[PDB]
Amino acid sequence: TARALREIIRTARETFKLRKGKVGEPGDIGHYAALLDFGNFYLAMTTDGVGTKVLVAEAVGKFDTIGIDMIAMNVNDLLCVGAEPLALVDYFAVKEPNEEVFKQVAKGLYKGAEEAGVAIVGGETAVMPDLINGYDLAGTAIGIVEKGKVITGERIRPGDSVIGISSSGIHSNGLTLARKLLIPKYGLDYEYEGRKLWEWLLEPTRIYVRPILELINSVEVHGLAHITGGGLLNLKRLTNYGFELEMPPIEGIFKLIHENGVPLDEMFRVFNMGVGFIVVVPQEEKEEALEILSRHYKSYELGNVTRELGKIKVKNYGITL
């Protein structure tokens, strides 16, 4: 996937010079979101989707939260350059124009939008049953960050504190593995620790806009990572320095999946494992960071950035990524 994307990424970098010296020239710093130079500020742009989570939503007929997933995926990405989310468009590629499905999808869209503080300003709907085996929902968000306030991860240094914010659950990655492993054996009505499997698999992705915006306006922040595809490997997008982490106990859906034969090494590269967002702050900001974050969601001091390079050691599980 990354080797196939080589040419797309390479030739897209050749187009950068098409806006050089002009408004819209891309500052080309960071990841998770593109940064376009508008002079006193950068416009941040990201694209993200719900993924095969929608196949579960269609199986049980519950569509009124996947709109929350798609807004959460995009605005959480925008936070990882330090940007404040502003606006979003959706892309809805569907097998058919089911009015009931669209009506519920719109409920999640409004809820997600209100919690994220963004206007939904437009979108496209393509009815494509030869192409789509369901209801693919994705979107593009834009945000704003003043220059000199961009948080890319360049300022991460060995010794910095690493703090995790709990996920709501599975969020929107690892659904393919979870579906293929659990549904044949248990079915979507199987009850596990008080909830049916479909409730575990459809729990809407958490939105981190309010705590992250309060954090960056209160303490010095060196890095911000939304835990999506690749799980903890996303930390490597921020920096080449290493990490020494203590991750929270494996509970809920992640425990069921592990109990069904997925080794922890793979789990931490796939699932968020209970931590949906990670921030890196200098050690003197640690106490205040934890306080601000803990007023919104359960948060953990996970560990430290290390002078050692390229390694993510999850100490309490004996794993190195």
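Just count from 1 along the sequence shown to find any residue number.
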Stretch exceeding the other in mean C-alpha B-factor - 220 to 228, 96 to 104: 96 to 104
Stretch exceeding the other in mean C-alpha B-factor - 200 to 208, 143 to 151: 143 to 151
Most elevated Cα B-factor in the entry, residues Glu291, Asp69, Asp64, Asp48: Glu291
Member of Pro249, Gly174, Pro85, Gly242 with the greatest C-alpha B factor (per the PDB record): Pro249
Lowest, middle or highest third - CA B-factor, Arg269: highest
Assigned third (lowest, middle, highest) for the C-alpha B factor of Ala33: lowest
Assigned third (lowest, middle, highest) for the C-alpha B factor of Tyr42: middle
Among modelled residues of the same chain, the CA temperature factor third for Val280: lowest
Chain-relative CA temperature factor third for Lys236: lowest
